[PDB]
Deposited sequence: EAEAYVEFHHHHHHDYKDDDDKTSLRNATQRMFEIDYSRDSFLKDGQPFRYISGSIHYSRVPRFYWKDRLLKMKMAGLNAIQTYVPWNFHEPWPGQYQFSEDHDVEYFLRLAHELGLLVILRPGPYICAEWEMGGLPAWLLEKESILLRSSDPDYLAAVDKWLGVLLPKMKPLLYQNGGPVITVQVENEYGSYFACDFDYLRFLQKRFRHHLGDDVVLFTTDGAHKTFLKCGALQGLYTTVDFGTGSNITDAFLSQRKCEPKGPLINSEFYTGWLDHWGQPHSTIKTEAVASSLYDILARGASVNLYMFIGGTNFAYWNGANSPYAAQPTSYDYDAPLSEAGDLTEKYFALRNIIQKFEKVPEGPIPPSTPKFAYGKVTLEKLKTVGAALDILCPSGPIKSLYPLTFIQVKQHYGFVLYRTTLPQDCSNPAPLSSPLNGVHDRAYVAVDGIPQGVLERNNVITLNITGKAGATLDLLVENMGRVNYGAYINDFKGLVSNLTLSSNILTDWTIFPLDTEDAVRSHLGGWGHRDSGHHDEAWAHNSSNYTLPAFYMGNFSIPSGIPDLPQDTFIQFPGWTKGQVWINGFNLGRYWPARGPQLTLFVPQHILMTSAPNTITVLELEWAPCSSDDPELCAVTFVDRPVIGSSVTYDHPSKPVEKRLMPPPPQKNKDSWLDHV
């Protein structure tokens, strides 16, 4: 009979009747390839952590209603068993909103098919979908509960609900009742909110243990007092002690000094508190999984976060200094630590243009476009992530430049504009709502619109995407739209159909191959791909979407490439979808190339 509980009498957890305090690190299994789960988890164990904490992003597991992903890189059950086999306990944060610098804070975009839905509230439509998601997810976690022989010792309900405007306590009571129904009356349920009464007001609930979060800039005494007002008795817990911080494109890369982190960790531990390091490994927002903040600013592909373990899982100075801190309180496992992986510079690899997006429309949109008088959103045309091509014809001669505009600032989030196959430039959420264009009356006007990531924090998480309001040309609303949802992922995996089915340039797919020898024990290795002369796009290797590149803005100039998607003898196909400008016109094919390097550049300006 295995037990995990709060002992209110002695301000402690009890694990099997014995006092217990956790030292945890965040790892998001959705941001680490499964190939490397055990590697990251074993390094976390060797640092002295006795637990890990993760989020379950609902949108990562239920891409459309009733259609679930629980295998391979989506196998949360396996991740938790792996943690358990390593002797680690788990703090599960299943949401249903998780924030987390992740697309729409984890909420599936198809929730937005009800335009007026009030997310994270007792809206009956939101609740009905949450209920259905919890009926699938929770019974899976039940056998992984500590009391049932698994690792899961506590479970978070919602995520900083106190920061949201709605203050719907009915919603939190409904979550609590349903977590209880599926998981039982013994599991420790808790909430997390910023360490201040203003946040705790709407975040805390009778029957859910109130914890706080705070990083190196906060007064430790003040923070735990804010916690003590809601929980006079029980353990002190900091559920997200920030070891670093998130990035945005075009802003320099956030760091926090190792000393500051080590010093605050020591002081937190010295109080007897349980603590979780956010992040311990950050990893990667592969594909389109990044979030954004409001006013609109997308977080980049790397989630390195300046964590103790780097994006590719490397041991850093920070890691060793935090291990050292932990060692002052607990005995840390003996033996050598698993190393930073070897990285290899495969060097320069030439690409060439295969087809423009406009030429590949047949393969990108095999069931045909949707026609509409006025523009429809991504949600309305049944596309959540990536790109949607919006097409109409010019209703006037524009031999002299005519302004193309979105007067309500409804290009969400970027649009690459062409007229009869001539690029005209870019429309941008907030920054540029008007673009002058030229072409003849009746010319085809194309806007390739990119979802740069759904806001994951604040009031404006109901971020539909696409052209969310009208466009005008010379102040006259443009009508008669042909709208092509683009199955970029399928298409890239069929080599735009070539493999069957068993100043600006036009958005286009550029492809290239490189070989790695077989029979070499240390190849393939992890690497980093760099894009000198390119501008902004999406990159795949052998059909695995590595994420977004944007060396024009930085600070990230390289993307992490994990070894297990690379093949020997058989050619590795790189696909680059360049959106703005490719270095491939001049008759110097050598410039139309990418480079594999053996160190990240996520800092260079």
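Student: In sequence order, which parts of the deposited sequence are missing C-alpha coordinates?
Tutor: Model skips 1-29, 532-545, 649-678 of the deposited chain.
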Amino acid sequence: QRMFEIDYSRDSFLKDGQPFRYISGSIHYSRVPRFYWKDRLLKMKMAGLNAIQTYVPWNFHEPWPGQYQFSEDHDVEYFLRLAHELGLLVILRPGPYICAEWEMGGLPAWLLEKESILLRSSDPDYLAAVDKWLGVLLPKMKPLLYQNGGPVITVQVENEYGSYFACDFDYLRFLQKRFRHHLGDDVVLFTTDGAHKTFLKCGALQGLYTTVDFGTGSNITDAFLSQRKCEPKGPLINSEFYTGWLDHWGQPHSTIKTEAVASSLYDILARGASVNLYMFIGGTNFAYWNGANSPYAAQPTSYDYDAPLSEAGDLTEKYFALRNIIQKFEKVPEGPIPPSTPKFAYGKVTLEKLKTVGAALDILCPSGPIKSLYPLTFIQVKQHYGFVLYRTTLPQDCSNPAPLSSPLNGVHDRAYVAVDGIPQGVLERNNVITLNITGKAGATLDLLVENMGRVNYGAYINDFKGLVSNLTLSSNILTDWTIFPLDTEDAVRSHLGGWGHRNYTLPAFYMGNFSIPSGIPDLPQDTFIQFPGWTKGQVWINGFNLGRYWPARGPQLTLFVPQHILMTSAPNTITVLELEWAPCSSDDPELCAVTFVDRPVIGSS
From here on, numbers count along this sequence of modelled residues.
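Just so we're on the same page, rigid core means the largest C-alpha set that superposes within 1.5 Å between forms.
Student: Stretch 295-303 versus stretch 490-498: after rigid core alignment, which one is farther off in C-alpha RMS in 5 other deposited structures of this protein?
Tutor: Per-stretch check in 5 other deposited structures of this protein: the more divergent one is 490-498.
Student: Identify the stretch, either 324-332 or 503-511, whose C-alpha atoms have the larger mean B-factor according to the entry.
Tutor: Stretch with the greater average CA B-factor: 324-332.
Student: Given the B-factors recorded for C-alpha atoms, which segment has the greater mean, 196-204 or 314-322?
Tutor: Stretch with the greater average CA B-factor: 196-204.
Student: Between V90, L351, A418, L137, which one tops the list for C-alpha B-factor in the PDB entry?
Tutor: Spelled out: the listed residue with the top C-alpha B-factor is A418.
Student: For the C-alpha B-factor as written in the entry, point me to the maximum among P517, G217, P308, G453.
Tutor: So the option with the highest C-alpha B-factor is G217.
Student: Would the CA B-factor of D526 place it in the lowest, middle or highest third of its chain?
Tutor: Its C-alpha B-factor belongs to the lowest third of this chain's values.
Student: Please place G25 in the lowest, middle or highest third of its chain according to the CA B-factor in the PDB entry.
Tutor: Answer is lowest: the recorded C-alpha B-factor places it there.
Student: Sorting the chain's CA B-factors, does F70 end up in the lowest, middle or highest third?
Tutor: Within its chain, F70 is a middle-third residue by C-alpha B-factor, going by the deposited values.
Student: Thinking about Cα B factors across the chain, which third does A552 belong to?
Tutor: It falls in the top third of the chain.
Student: Based on the entry's values, in what third of the chain does the Cα temperature factor of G410 lie: lowest, middle or highest?
Tutor: Within its chain, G410 is a lowest-third residue by C-alpha B-factor, going by the deposited values.
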